[PDB]
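K.L.:
First the structure, which I've put down as structure tokens, then a few questions once you've had a look.
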Amino acid sequence: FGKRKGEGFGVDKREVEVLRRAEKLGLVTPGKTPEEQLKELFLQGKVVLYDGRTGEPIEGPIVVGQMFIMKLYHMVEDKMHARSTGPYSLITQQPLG
Amino acid sequence: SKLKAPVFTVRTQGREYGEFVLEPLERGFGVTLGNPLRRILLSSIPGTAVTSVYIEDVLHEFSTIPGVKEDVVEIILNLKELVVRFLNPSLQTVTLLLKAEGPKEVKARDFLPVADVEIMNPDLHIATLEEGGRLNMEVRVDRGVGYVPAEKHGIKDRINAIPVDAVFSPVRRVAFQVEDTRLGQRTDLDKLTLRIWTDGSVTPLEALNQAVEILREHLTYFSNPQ
Amino acid sequence: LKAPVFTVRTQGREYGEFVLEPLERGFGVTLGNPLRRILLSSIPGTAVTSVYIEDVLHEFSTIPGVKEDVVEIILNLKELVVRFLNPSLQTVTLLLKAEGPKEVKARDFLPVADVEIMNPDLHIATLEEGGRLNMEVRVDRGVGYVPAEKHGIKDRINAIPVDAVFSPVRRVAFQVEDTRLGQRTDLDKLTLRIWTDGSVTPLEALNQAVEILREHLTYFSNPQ
Amino acid sequence: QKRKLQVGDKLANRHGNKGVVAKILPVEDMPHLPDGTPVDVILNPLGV
Amino acid sequence: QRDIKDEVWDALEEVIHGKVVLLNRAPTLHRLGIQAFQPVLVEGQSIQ
Amino acid sequence: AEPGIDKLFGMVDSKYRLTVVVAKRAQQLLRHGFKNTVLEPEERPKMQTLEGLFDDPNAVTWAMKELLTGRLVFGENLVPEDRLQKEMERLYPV
Amino acid sequence: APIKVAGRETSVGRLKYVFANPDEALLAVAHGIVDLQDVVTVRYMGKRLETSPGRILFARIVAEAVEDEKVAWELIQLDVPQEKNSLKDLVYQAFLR
Ligand SMILES: [Mg+2]
């Protein structure tokens, strides 16, 4: 935020709309500057989030942060399979497995 | 009463960054203009990227070069960050050459200079070479749009060429602020500020003009019904 | 990159469906969302902004001899679709006087030059024997939606401000779907649904919206 | 083979939230911070 | 796989018109472990 | 959902009897090249190709649509089975 | 806030905002005058109702999906938030009729 205040930008219109919704939720305390309320949300780990399709904010503050996520060994390239006809078993003459 | 055409302010800093203001605008038009331009700016703006690499004595991507610290996978990963600006608008493809030896850390400057092409980030590290380490390569750089993955284009200058992932889009980041403003008669008007960051092959202002032009050209399609 | 095809299906003056496909990936919502905001906020139309009824002090009163309450009459007035034929006409006052046992429709308003009532059969109030309705309603040109407690128009005392529904557009719903031309499967298909009140036609409404946006793109000219 | 992440590959964190990648959105559709930075992963809260 | 041209994909689309396929997921505990769906061709290796 | 599926279940005493009538009808159409159909040219199910509109190849779609019209007669012991086959191959060849 | 004006129990929002038809109510929401969870007065199908714009919107979703406006109004329980059971009943009730 401090970067923004020095960079010559104030609070956004949409950040106010979300703050309106947030005080109805009891997330921020009514009667504080937008910076005071946004920091109150940021200490609950929530931020204002804009939908890239619309540009409008998400109607509420959303939890955002850095998480450690792994790519596991089960990958579709290994698992996708289909057969029209194919190999058969000796005695039963049914398709193989 | 109907609002009149707003003042358009421009605060560009270098070739990397710009701030673009439009004021005053009718309520709710801050995002009506701001959002579609951001979408077009992040996707459809033409640019440049490395599409192929031929390294001497290298048959494929998983090789490793004697004397070089970095593996070929990392080398191509570094060439994917190379930003190459075409001064001549008619030029769609080039080929940069690099020859280095000895105890040197090869950076992007060491590419042999070619006319109408400027390397916007000459400090980028490429390979660390050690006493006796050698390196001769040919990098093909192209102009294109969007993101075209290596499996898609399959560009090979010769038999042993390695196709590379292409991020064509010159736009690195786009944000836009919508702040309150008034014409002193009316309130809850919108002041729109578009922040545009680029890699330098094209300029924040140039992007914004191309984005608007795409959007304009798109609205034309509504002419002929059925 | 071919030329998108543009397709229209209309049902008179209140509804039309508009499909533009194929578009490159992402462009379905890039056009639809801005056009929708415009179609709702900026399309010029007319609305009832104020009403005076003879023996009525405030909005929540009841009228002796008239079945509808005052609110109900204002509600019906919110419906009325009035079309200004004169390009320069920015406002009008409509007068109505009637009494005795009759159900009052739209046609009963005293005709005004260059003022067309599109929906003349619209019911306004039912009057019983000895019930009396004398009223002036104020109709202005505008865009969007302004609640009454905010525009605050009073020609005289006892005039009630009415929530002003200017927009000839009643609803805009749009739906984007994936579509493919040959080998490219990630393309967009845009379907636009526009509902008007009959004063502006749905196809007309869209074209005005598209026009506004082009103009706004020109604002990227003389710098500073 | 060099394997890029694709739809149907499986991801998990260290607390046992695990799921398959069902959608890859272009950066312009991703939810983003006011300063323009888009998020990477969108996890449904119904899993918690 | 490289001998497959692009007209062949349009050829397959004509074939599957109106036909359904069966989806099954084990364990098949009641009669709805199998249901019929009309398939929509997709790029990619995953069933939607 | 199959179009007008509720009306089709209306026409039968047993849902499985519907499936048989439809299945047998689709086989009649395929063997004879659709030319015994009771449908008229604008009721024919169509399929959108890259070239353009052609006849729906799926005979099972056809059979349900035909059934909805009312022009088909279904029941047991309507006609000896072999004799039906010859009269149909006589009216609409293969 | 719940209040008693003239002995009856209404709310400030029910008095301030009174909408002629549904299309208008959602137009107010579109312009940020009211949210969908705000209790408001809306005139729908001949009745002057006290509900939220959201409950009007839900009834319309149901109404347009089955393309029967009269039957649709019957099935829904409008005065309650839709949750697992009511929606389950809606599917069953819609299935029968
Ligand atoms: Mg009011």
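We name chains A, B, ... following the order of the structure tokens; residues begin at 1 in each chain, and ligands are numbered from 1 as shown.
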Got a sec to check which residues lie within 10 Å of ligand 1, using only C-alpha atoms and all ligand atoms, and send them as a PyMOL selection string?
P.N.:
(chain C and resi 59+71+74+147-149+160-163) or (chain G and resi 13-19+41)
K.L.:
For residue 21 in chain A, work out the shell of residues within 8 Å, counting only C-alpha atoms and skipping chain neighbours fewer than 3 positions away, then give it as a list in words.
P.N.:
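Listed by chain and then number, they are residues 17, 18, 24, 25, 59 and 60 of chain A.
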K.L.:
Kindly provide the residues of chain D that approach chain C to within 8 Å, each paired with its closest atom pair and their distance in Å to one decimal, based on only C-alpha atoms, listed by chain and increasing number, as a tab-separated table.
P.N.:
```
residue	atom	partner	partner_atom	distance
D:26	CA	C:26	CA	7.9
D:28	CA	C:26	CA	7.8
D:29	CA	C:26	CA	7.8
```
K.L.:
How many Å separate CA of residue 90 in chain C from CA of residue 25 in chain B?
P.N.:
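CA of residue 25 in chain B lies 22.3 Å from CA of residue 90 in chain C.
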K.L.:
With a distance threshold of 7 Å and counting only C-alpha atoms, extract the residues of chain B near chain D and express them as a list in words.
P.N.:
residues 39, 42, 173, 174 and 175 of chain B
K.L.:
What would the file look like if the residues just selected were written as a short mmCIF file (atom, residue, chain, number, x, y, z; two decimals), in the first residue's frame with N, CA and C atoms?
P.N.:
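again-v7.cif, written as the output of this step:
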```
data_model
loop_
_atom_site.label_atom_id
_atom_site.label_comp_id
_atom_site.auth_asym_id
_atom_site.auth_seq_id
_atom_site.Cartn_x
_atom_site.Cartn_y
_atom_site.Cartn_z
N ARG B 39 -7.63 -6.59 -21.13
CA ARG B 39 -7.70 -7.92 -21.71
C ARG B 39 -6.97 -7.96 -23.05
N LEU B 42 -3.02 -7.64 -22.62
CA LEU B 42 -2.29 -8.80 -22.11
C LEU B 42 -2.16 -9.94 -23.14
N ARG B 173 2.97 -6.28 -17.48
CA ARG B 173 1.91 -6.07 -16.47
C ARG B 173 0.98 -4.91 -16.85
N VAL B 174 -0.31 -5.05 -16.51
CA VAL B 174 -1.34 -4.03 -16.71
C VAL B 174 -2.21 -3.90 -15.47
N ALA B 175 -2.30 -2.70 -14.91
CA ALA B 175 -3.27 -2.42 -13.85
C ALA B 175 -4.02 -1.14 -14.21
#
```
K.L.:
From chain G, collect each residue whose DSSP state is alpha helix (DSSP H) and return the set as a VMD selection string.
P.N.:
chain G and resid 12 to 16 22 to 30 53 to 66 69 to 75 84 to 96
K.L.:
Can you check which residues of chain A have any atom within 9 Å of chain D? Use only C-alpha atoms and format it as an MDAnalysis selection string.
P.N.:
chainID A and resid 4 12 15 47:54 58 64:65 67:77
K.L.:
Generate a file of the selected residues that holds N, CA, C and O atoms, formatted as a compact mmCIF listing (two decimals), in the first residue's frame.
P.N.:
```txt
# COMPACT_ATOMS: atom_id res chain seq x y z
N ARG A 4 1.90 2.50 -3.14
CA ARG A 4 0.82 3.17 -3.86
C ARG A 4 0.60 4.62 -3.40
O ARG A 4 0.45 5.52 -4.24
N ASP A 12 -9.19 3.05 -4.45
CA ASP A 12 -10.05 2.82 -5.61
C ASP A 12 -11.53 2.91 -5.28
O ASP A 12 -11.95 2.71 -4.13
N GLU A 15 -12.66 -0.66 -4.31
CA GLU A 15 -12.23 -1.01 -2.96
C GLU A 15 -13.22 -0.49 -1.91
O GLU A 15 -13.37 -1.09 -0.84
N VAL A 47 -7.69 -9.87 0.81
CA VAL A 47 -7.40 -8.73 -0.04
C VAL A 47 -8.58 -8.49 -0.97
O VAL A 47 -9.46 -9.34 -1.13
N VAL A 48 -8.60 -7.30 -1.61
CA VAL A 48 -9.59 -7.02 -2.65
C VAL A 48 -9.15 -7.70 -3.93
O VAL A 48 -7.97 -7.72 -4.27
N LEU A 49 -10.09 -8.32 -4.64
CA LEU A 49 -9.71 -9.08 -5.82
C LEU A 49 -10.59 -8.67 -7.00
O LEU A 49 -11.82 -8.57 -6.85
N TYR A 50 -9.98 -8.38 -8.14
CA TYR A 50 -10.74 -7.97 -9.31
C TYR A 50 -10.87 -9.15 -10.26
O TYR A 50 -9.87 -9.79 -10.58
N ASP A 51 -12.07 -9.38 -10.76
CA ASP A 51 -12.32 -10.40 -11.77
C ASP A 51 -11.84 -9.92 -13.14
O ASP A 51 -12.30 -8.90 -13.64
N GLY A 52 -10.90 -10.65 -13.74
CA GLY A 52 -10.36 -10.21 -15.02
C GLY A 52 -11.35 -10.20 -16.17
O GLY A 52 -11.13 -9.45 -17.14
N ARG A 53 -12.46 -10.96 -16.06
CA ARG A 53 -13.50 -10.97 -17.11
C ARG A 53 -14.30 -9.67 -17.11
O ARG A 53 -14.52 -9.07 -18.17
N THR A 54 -14.86 -9.29 -15.96
CA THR A 54 -15.69 -8.10 -15.79
C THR A 54 -14.89 -6.83 -15.51
O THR A 54 -15.24 -5.75 -16.00
N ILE A 58 -14.53 -8.69 -6.71
CA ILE A 58 -15.31 -9.75 -6.10
C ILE A 58 -16.05 -9.11 -4.94
O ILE A 58 -15.46 -8.32 -4.17
N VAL A 64 -5.80 -14.56 -0.05
CA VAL A 64 -4.80 -14.76 -1.10
C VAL A 64 -3.43 -14.84 -0.42
O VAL A 64 -3.17 -14.13 0.55
N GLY A 65 -2.56 -15.73 -0.93
CA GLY A 65 -1.20 -15.87 -0.39
C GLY A 65 -0.38 -16.91 -1.14
O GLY A 65 -0.81 -17.47 -2.16
N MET A 67 1.33 -20.46 -1.44
CA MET A 67 1.23 -21.86 -1.02
C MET A 67 2.21 -22.75 -1.80
O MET A 67 2.51 -22.48 -2.97
N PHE A 68 2.71 -23.78 -1.11
CA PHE A 68 3.57 -24.81 -1.69
C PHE A 68 2.73 -25.98 -2.21
O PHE A 68 2.19 -26.76 -1.40
N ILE A 69 2.74 -26.19 -3.53
CA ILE A 69 1.92 -27.19 -4.21
C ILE A 69 2.83 -28.03 -5.10
O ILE A 69 3.64 -27.48 -5.86
N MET A 70 2.64 -29.35 -5.07
CA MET A 70 3.46 -30.31 -5.81
C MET A 70 2.69 -30.92 -6.97
O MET A 70 1.45 -30.97 -6.96
N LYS A 71 3.43 -31.30 -8.02
CA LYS A 71 2.83 -32.03 -9.14
C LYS A 71 3.08 -33.51 -8.91
O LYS A 71 4.24 -33.93 -8.86
N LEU A 72 2.02 -34.29 -8.72
CA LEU A 72 2.20 -35.69 -8.36
C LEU A 72 2.43 -36.58 -9.60
O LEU A 72 2.33 -36.15 -10.75
N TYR A 73 2.78 -37.84 -9.34
CA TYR A 73 3.16 -38.80 -10.37
C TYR A 73 2.01 -39.30 -11.25
O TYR A 73 2.28 -39.99 -12.25
N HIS A 74 0.75 -38.99 -10.95
CA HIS A 74 -0.39 -39.44 -11.75
C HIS A 74 -0.71 -38.39 -12.82
O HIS A 74 -1.31 -37.35 -12.52
N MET A 75 -0.38 -38.70 -14.07
CA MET A 75 -0.45 -37.73 -15.16
C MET A 75 -1.26 -38.36 -16.27
O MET A 75 -1.02 -39.52 -16.60
N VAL A 76 -2.21 -37.62 -16.86
CA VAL A 76 -3.07 -38.23 -17.89
C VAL A 76 -2.30 -38.87 -19.02
O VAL A 76 -2.69 -39.94 -19.50
N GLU A 77 -1.18 -38.26 -19.44
CA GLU A 77 -0.45 -38.84 -20.56
C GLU A 77 -0.20 -40.32 -20.32
O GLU A 77 -0.30 -41.15 -21.24
```
K.L.:
Quick one: distance from CA of residue 212 in chain C to CA of residue 116 in chain C in Å, one decimal?
P.N.:
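Between CA of residue 212 in chain C and CA of residue 116 in chain C the gap works out to 26.0 Å.
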K.L.:
Taking only C-alpha atoms into account, produce a table as CSV in which each residue of chain G with an atom at most 12 Å from an atom of chain B appears once, together with its shortest atom pair and the distance in Å to one decimal, ordered by chain and rising number.
P.N.:
```
residue,atom,partner,partner_atom,distance
G:30,CA,B:28,CA,10.9
G:31,CA,B:28,CA,9.0
G:32,CA,B:28,CA,10.6
```
K.L.:
Hey, list the chain E side of the contact with chain C: 12 Å cut-off, only C-alpha atoms, answer as a CSV table (one decimal) with N, CA and C atoms, in the first residue's frame.
P.N.:
```
chain,number,residue,atom,x,y,z
E,5,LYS,N,-4.2,-36.5,-41.0
E,5,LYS,CA,-4.4,-35.1,-41.4
E,5,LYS,C,-5.6,-34.5,-40.7
E,6,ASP,N,-5.9,-33.2,-41.0
E,6,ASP,CA,-6.9,-32.6,-40.1
E,6,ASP,C,-8.4,-32.8,-40.6
E,7,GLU,N,-8.5,-33.3,-41.9
E,7,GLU,CA,-9.8,-33.6,-42.4
E,7,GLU,C,-10.4,-34.8,-41.7
E,8,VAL,N,-9.5,-35.7,-41.2
E,8,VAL,CA,-9.9,-36.9,-40.5
E,8,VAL,C,-10.7,-36.6,-39.2
E,9,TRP,N,-10.4,-35.5,-38.6
E,9,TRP,CA,-11.1,-35.1,-37.3
E,9,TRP,C,-12.6,-34.7,-37.7
E,10,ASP,N,-12.7,-34.0,-38.8
E,10,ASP,CA,-14.1,-33.6,-39.2
E,10,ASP,C,-14.8,-34.9,-39.6
E,11,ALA,N,-14.1,-35.9,-40.2
E,11,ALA,CA,-14.7,-37.2,-40.6
E,11,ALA,C,-15.3,-37.9,-39.3
E,13,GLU,N,-16.4,-36.5,-36.5
E,13,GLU,CA,-17.5,-35.8,-36.0
E,13,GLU,C,-18.8,-36.2,-36.7
E,40,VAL,N,-19.0,-35.0,-26.5
E,40,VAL,CA,-18.5,-33.8,-27.2
E,40,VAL,C,-16.9,-33.9,-27.3
E,41,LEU,N,-16.4,-34.0,-28.5
E,41,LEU,CA,-15.0,-34.1,-28.7
E,41,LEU,C,-14.3,-32.9,-28.2
E,42,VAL,N,-13.1,-33.2,-27.5
E,42,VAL,CA,-12.3,-32.2,-26.9
E,42,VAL,C,-10.8,-32.5,-27.2
E,43,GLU,N,-10.0,-31.4,-27.4
E,43,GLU,CA,-8.6,-31.6,-27.3
E,43,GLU,C,-8.2,-32.1,-25.9
E,44,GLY,N,-7.1,-32.7,-25.8
E,44,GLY,CA,-6.7,-33.0,-24.4
E,44,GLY,C,-7.0,-34.5,-24.0
```
K.L.:
Taking only C-alpha atoms into account, report as a compact mmCIF listing (two decimals) with N, CA, C and O atoms, in the first residue's frame which residues of chain F lie within 12 Å of chain C.
P.N.:
```
# COMPACT_ATOMS: atom_id res chain seq x y z
N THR F 49 -22.52 -30.09 -41.25
CA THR F 49 -21.12 -30.45 -41.46
C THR F 49 -20.29 -29.18 -41.68
O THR F 49 -20.77 -28.05 -41.49
N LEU F 50 -19.00 -29.34 -42.01
CA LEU F 50 -18.21 -28.19 -42.45
C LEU F 50 -18.64 -27.73 -43.85
O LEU F 50 -18.63 -26.53 -44.15
N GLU F 51 -19.00 -28.70 -44.72
CA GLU F 51 -19.59 -28.39 -46.03
C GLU F 51 -20.90 -27.62 -45.86
O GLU F 51 -21.05 -26.49 -46.34
```
K.L.:
Hey, what's within 9 Å of residue 57 in chain C if we count only C-alpha atoms and toss same-chain stuff fewer than 3 positions away? As a ChimeraX atom specification, please?
P.N.:
/C:53-54,60-61,158-160
K.L.:
Check chain E with DSSP on the backbone and list each residue it calls strand (DSSP E), as a list in words.
P.N.:
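Of chain E, the ones in strand (DSSP E) are residues 21, 22, 23, 24, 34, 35, 36 and 37 of chain E.
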K.L.:
Which polymer residues have any atom within 12 Å of an atom of range 39-44 of chain F, counting only C-alpha atoms, with same-chain residues fewer than 6 positions away left out, as a list in words?
P.N.:
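These residues fall inside the cut-off: residues 29, 53, 54, 55, 56, 57, 58, 59, 61, 62, 63, 64, 65, 66, 67, 68, 69, 70, 71 and 72 of chain F.
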